[PDB]
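# Structure at a glance
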Amino acid sequence: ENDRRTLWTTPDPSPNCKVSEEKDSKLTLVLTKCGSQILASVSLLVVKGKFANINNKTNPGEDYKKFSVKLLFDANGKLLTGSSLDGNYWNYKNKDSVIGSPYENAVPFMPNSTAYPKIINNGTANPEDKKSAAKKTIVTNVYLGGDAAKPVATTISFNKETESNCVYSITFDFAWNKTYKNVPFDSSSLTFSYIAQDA
Amino acid sequence: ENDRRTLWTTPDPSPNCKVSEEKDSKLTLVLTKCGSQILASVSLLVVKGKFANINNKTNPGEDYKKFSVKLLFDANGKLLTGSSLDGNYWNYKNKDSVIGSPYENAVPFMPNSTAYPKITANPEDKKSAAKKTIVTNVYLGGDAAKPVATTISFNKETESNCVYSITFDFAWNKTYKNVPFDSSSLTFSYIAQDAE
Amino acid sequence: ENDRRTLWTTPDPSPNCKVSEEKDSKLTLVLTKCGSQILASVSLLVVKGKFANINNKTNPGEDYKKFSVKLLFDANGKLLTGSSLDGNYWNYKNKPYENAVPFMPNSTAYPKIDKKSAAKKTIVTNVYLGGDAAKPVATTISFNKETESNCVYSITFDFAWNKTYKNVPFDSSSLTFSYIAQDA
């Protein structure tokens, strides 16, 4: 029904995502099918490791000021091992939790291949032949502790990844230049949409 | 029929919202159920009072450079008195207006309690202030040059004895001169409560 | 089914849009009916002409630093000739006619015009050239702003920038937005 229209991490998940070390972050990600598009809400809380309490006064150097979170999917839209996200409670919605057994197909939640193809290569190619690197991307900000003063550059990228031997991918890249002092990585919620693959 | 999926202020409301004084603003808010989430559009036009013509040259102090708008809901998703918004024309859609009499239940439009709870030495147990928030900008007169910091907050409020809450907090640092508070439209989504 | 709920340019279009000269850009626009609202994604790639390789070092003037893209619709939500977008591959998902009032921006919410609202008809945001944080472009989406041809409805994408970009193709990041829909 409306349960099988949503593919999520529970709305209040247990640590389920690797940012620096195993299960160091809670990624809340909801994918809902509104017709041909996926409406998505995402937020990220890191609870231990490198990013659990950002301090770029004591750690300048860019590896403490950016990180990414990859979802990698196979042909059937199943979630692959290289993924930042743990697949245990990443499944179709069931009344505020998930379905019993793991899901066998989720292609209709995948970013559309035509709209977001995995390589783009311009030159030798006519103008009428050219494709869009940028189209594959949403560039926005999230705000740490929900504070306007603490922005984090956020690029969501569709089918950017080749890791494992994935067909589909959603990649959240976070980065900042402010030198934050004892700021937990606790993101504001972020709404976005992409064009869906057909079955 | 398909109109039971939408809960709105109507698309063209009469002044229906307190910002500084009684019915001084028109709040346009549409809530639509897309599956497990609420797709929402909001805009705010203030037509009289403190914010009808911002001038922080003549009033520099902070209280003339920020304000909030609270929607407070009970257990059944009915609107409480503490709310900034008047309940008279806030109801399920009917063909570009609203249904005749008020409805008593709208829980499925409420911000999810699990995702956005009211809230601790332990990191791995702790819950997220920020998750409950969307931080963005609206633009006065729809002008890129006139930004307004906008925080939407789910279940932040305790006023009256509300279970659910949507809070629009506006603030600015630019000292605007004779700029009406006329916001650009703002799309957002939140995860919805389920109705047992 | 949900085919008739989507009105798009197709997800990977052939050049289909005038920015400066005929068919000089690929406009990707998806409109989906989620209840009373339209959920939309838009992105623009210009492939030839004035904006195919922006350089405001060599062309500083205003006309090289902004442009708009107009969709003009009649009473039935059919696409009119004055439009920036070519009508040939602008149709319901899986292909052909438009008769598509339910995808139009609501007249009450967004009229042609105590007080009334300039802003309400507008969404003001940024897109990013090449998907690069460093290359912002001021973007205003406007509903029923246009009078060209004899349109009833209109969607207008206005892009503008002040940064002096050097050999930057106009390749926009995707942009999600919603508006209140007209009833049939």
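Read on for an overview of the structure. (Residues numbered from 1 in each chain as written, not as in the entry; some residues may be left out. Chains lettered and ligands numbered in written order. Heavy atoms only, no water.)

### Here we look at the overall build of chain B
Secondary structure assignment for chain B yields 0 helices and 12 strands. Along chain B, from the amino end to the carboxyl end, the secondary structure elements read β-β-β-β-β-β-β-β-β-β-β-β. Here the C-alpha atoms of chain B give a radius of gyration of 17 Å, agreeing with the 16 Å that 2.2 N^0.38 yields for 196 residues. Along the first, second and third principal axes, the C-alpha atoms of chain B reach 55 × 50 × 30 Å. Entry remark: accessible area of chain B is about 8500 Å², with carbon and sulfur atoms responsible for 44%. Computed over 24 positive and 21 negative side-chain charges, the inter-centroid distance for chain B is 5 Å. (Helix = DSSP H or I, 4+ residues; strand = E, 2+ residues; numbered from the N terminus. Rg over C-alpha atoms; globule rule 2.2 N^0.38 Å. Areas by Shrake-Rupley, 256 points an atom, 1.4 Å probe, with all protein chains shown as cover. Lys, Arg positive; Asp, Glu negative; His and termini not counted. Charge placed at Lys NZ, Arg CZ, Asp CG, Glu CD.)

### Quick word on the pattern of salt bridges
Residue and element names in this part refer to chain B. Under the criterion given, the structure shown has 21 salt bridges over all chains. One salt bridge connects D143 with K146, and the closest N-O pair in it is separated by 3.0 Å. Look at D143 and you get partly exposed, because its relative accessible area is 28%. (Salt bridge = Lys/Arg side-chain N within 4 Å of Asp/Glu carboxyl O. Buried < 20%, exposed > 50% of the residue type's maximum accessible area, 1.4 Å probe, protein only.)

### Some words on the interface of chain B and chain A
Opposite the 26 residues of chain B that make contact, chain A presents 32 residues. Counting the surface lost from both chain B and chain A, the interface buries some 2400 Å², and carbon and sulfur atoms represent 56% of this. Of all residues in chain B, the largest losses of buried area upon contact with chain A belong to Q37(B), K131(B) and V135(B), amounting jointly to 22% of the total for that side. Where chain B packs against chain A, one counts 2 salt bridges. For the salt bridge of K93(A) with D194(B), the shortest nitrogen-to-oxygen distance reads 2.5 Å. Joining chain B to chain A, the criterion identifies 11 residue pairs in polar contact. Of all the secondary structure elements, the ones that give two or more residues to the side of chain B that touches chain A are β3 (37-46), β8 (133-139) and β12 (186-191) of chain B. (Contact = heavy atoms within 4.5 Å. Buried area = accessible area lost by both parts, 1.4 Å probe. Polar contact = N/O pair within 3.5 Å; in protein donor to acceptor, adjacent residues only side chain to side chain.)

### Observations concerning the sheet that holds strand β5 (residues 66-73) of chain C
Residues and elements named next belong to chain C. Taken together, 4 strands build an open sheet; the order of strands is β5-β9-β8-β7 and the sheet is antiparallel. Since the sheet does not close on itself, it has two edges, and those belong to β5 and β7 (122-128), each with one partner. For this sheet, the mean angle separating the axes of adjacent strands, direction not counted, is 20 degrees. The pairing of β5 with strand β9 (residues 153-160) spans 8 bridges and is antiparallel. Within β9, the position partnered with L71 by the bridge is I155. (Pairing = 2+ DSSP bridges. Axes fitted to C-alpha atoms, helices over the stretch in contact; angles between N-to-C directions.)

### Looking at the packing of aromatic side chains
Across all of its chains, the model carries 45 aromatic pairs over all chains by this definition. Seen from their ring centres, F188(B) and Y190(B) are 6.3 Å apart, and the 25 degrees between their planes marks the pair as stacked. When sorted by exposure, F188(B) lands in the same class as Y190(B), which is buried. Both rings, one in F67(C) and one in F170(C), keep their centres 4.8 Å apart while their planes meet at 70 degrees; by these two values the pair is edge-to-face. Note on accessibility: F67(C) and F170(C) belong to one class, buried. An aromatic cluster is defined as three or more aromatic residues linked by ring pairs; in this entry it consists of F51(B), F67(B), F170(B), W172(B), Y176(B) and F181(B). Here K50(C) stacks its cationic end above the ring of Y64(C), 4.7 Å away from the centre of that ring. (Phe/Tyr/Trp six-rings, centres within 6.5 Å; stacked < 30°, edge-to-face > 60°. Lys NZ or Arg CZ within 6 Å of the ring centre and 35° of its normal.)

### A short note on the interface of chain A and chain C
Taken together, the 27 residues of chain A in the interface contact 29 residues of chain C. Between chain A and chain C lies a buried interface of about 2300 Å² when both sides are counted; carbon and sulfur atoms form 58% of it. Looking only at chain A, the three residues that lose the most surface to chain C are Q37(A), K135(A) and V139(A), adding up to 24% of its buried area. Viewed at the interface, chain C and chain A are joined by 2 salt bridges.

### As for the pairing of strand β6 (residues 91-94) of chain B
Residue and element names in this part refer to chain B. Two elements, strand β1 (residues 6-8) and β6, share 2 bridges in a ladder whose sense is antiparallel. Following the sheet pairing, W8 is matched in β6 by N91. Sheet topology note: the β6/strand β7 (residues 97-98) ladder contains 2 bridges and is antiparallel. When the sheet's bridge partners are listed, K93 is paired in β7 with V98. Linking β6 back to β7 in an antiparallel pair, the connection comprises 2 residues, with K95 at a positive phi of about 40 degrees.

### Digging into the nonpolar core
Residues and elements named next belong to chain C. One finds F170 and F177 to be the most contacted residues of the largest nonpolar core, which totals 50 residues. At the level of secondary structure, the elements contributing two or more residues to this core comprise β2 (25-34), β3 (37-46), β5, β7, β8 (136-143), β9 and β11 (175-180). Looking at this core, the element that brings in the most residues is β3, giving 5 residues. For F170, the residues in contact, after removing those within four places along its chain, are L44, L45, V46, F51, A52, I54, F67, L129, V137, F159 and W161. (Core = buried A, V, L, I, M, F, W, Y, C linked by side-chain atoms within 4.5 Å.)

### Observations regarding the environment of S20(A)
Residue and element names in this part refer to chain A. Mapping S20 onto the fold places it in the loop between β1 (6-9) and β2 (25-34). Residue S20 is classed as partly exposed on the basis of its relative accessible area of 31%. Distance from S20 to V69, taken between C-alpha atoms, is 10.0 Å for residues 49 residues apart in sequence. Contacts of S20, omitting those with residues within four sequence positions, involve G49 and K50.

### So, the pairing of β8(C)
Residue and element names in this part refer to chain C. In terms of burial, β8 is largely enclosed, as 6 of its 8 residues are buried. Alignment of β7 against β8, held across 7 bridges, turns out to be antiparallel. Looking at β8, one finds that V127 is bridged to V137. Judged from the 6 bridges that link them, β8 and β9 form a sheet pairing that is antiparallel. If you follow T139 over to β9, its bridge partner there is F159.

The quantities given are spatial measurements derived from coordinates; they are silent on function.
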